[PDB]
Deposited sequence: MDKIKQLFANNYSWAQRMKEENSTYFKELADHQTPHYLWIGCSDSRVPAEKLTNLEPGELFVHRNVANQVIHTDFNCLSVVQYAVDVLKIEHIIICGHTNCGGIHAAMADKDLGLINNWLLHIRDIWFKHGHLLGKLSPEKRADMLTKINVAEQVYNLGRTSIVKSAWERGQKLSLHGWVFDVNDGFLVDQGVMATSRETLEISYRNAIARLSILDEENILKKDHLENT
């Protein structure tokens, strides 16, 4: 009603409201943030950092697919050129991508993209399959974050930065709108060997279920 006009109007009064308050208008990035296209609170706000200090990639279900030229080159640029020492993979609750990933309907091109979430499901299927169906999505969102960190750590870019003695740590969090909190999923890597132990330990922890959701 028209929605583009409202956006332009909101943009204008925003900028004018900022300039009224100070002189709000260089800064080098310190984290690479890999997040989900359908999350709704932004990283810069959620993490309450200075603007400019997050380098941000957002795709559906916040994935690091082994062969995705988009994300890979972003990671390569962050690490090799911008020399960012932290990559963070942030999932979130009530994630549309994960939901689209689990529902059977073919949605078209995007299903192909989401097939990597489905392999992950079937990888931890024994775990997810003894979980009551209505809770699966919440666990898959967590395990997804664990697997993408592991994926990131296995990329040739990251392994090589570790091999040549460059400082680089990988993190995997889930943002929960329900309390505003970032929650650690336990996979934290500064090396190939921290990657393996941390990931394995993380899946082991996730695999212990609340009695009220089992068979």
Unmodelled intervals of the deposited chain, in order: 26 to 31, 222 to 229
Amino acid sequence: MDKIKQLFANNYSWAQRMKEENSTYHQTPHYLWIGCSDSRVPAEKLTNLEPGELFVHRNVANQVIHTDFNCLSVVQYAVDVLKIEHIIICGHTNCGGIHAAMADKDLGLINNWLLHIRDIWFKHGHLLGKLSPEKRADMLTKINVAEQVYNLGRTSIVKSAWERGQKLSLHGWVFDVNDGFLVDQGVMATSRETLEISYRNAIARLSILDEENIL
From here on, numbers count along this sequence of modelled residues.
98 to 106 set against 73 to 81, stretch whose average Cα temperature factor tops the other in the entry: 98 to 106
Stretch with the greater mean C-alpha B-factor as recorded in the entry, comparing 40 to 48 against 149 to 157: 40 to 48
Where the record places residue 30 (Cα B-factor, split into thirds across the chain): highest
Chain-relative CA temperature factor third for residue 53: highest
Chain-wide C-alpha B factor ranking for residue 7, given as lowest, middle or highest third: lowest
Residue 13 - which third its CA temperature factor falls in, relative to the rest of the chain: lowest
Within-chain third of residue 87 by Cα B-factor, per the entry: lowest
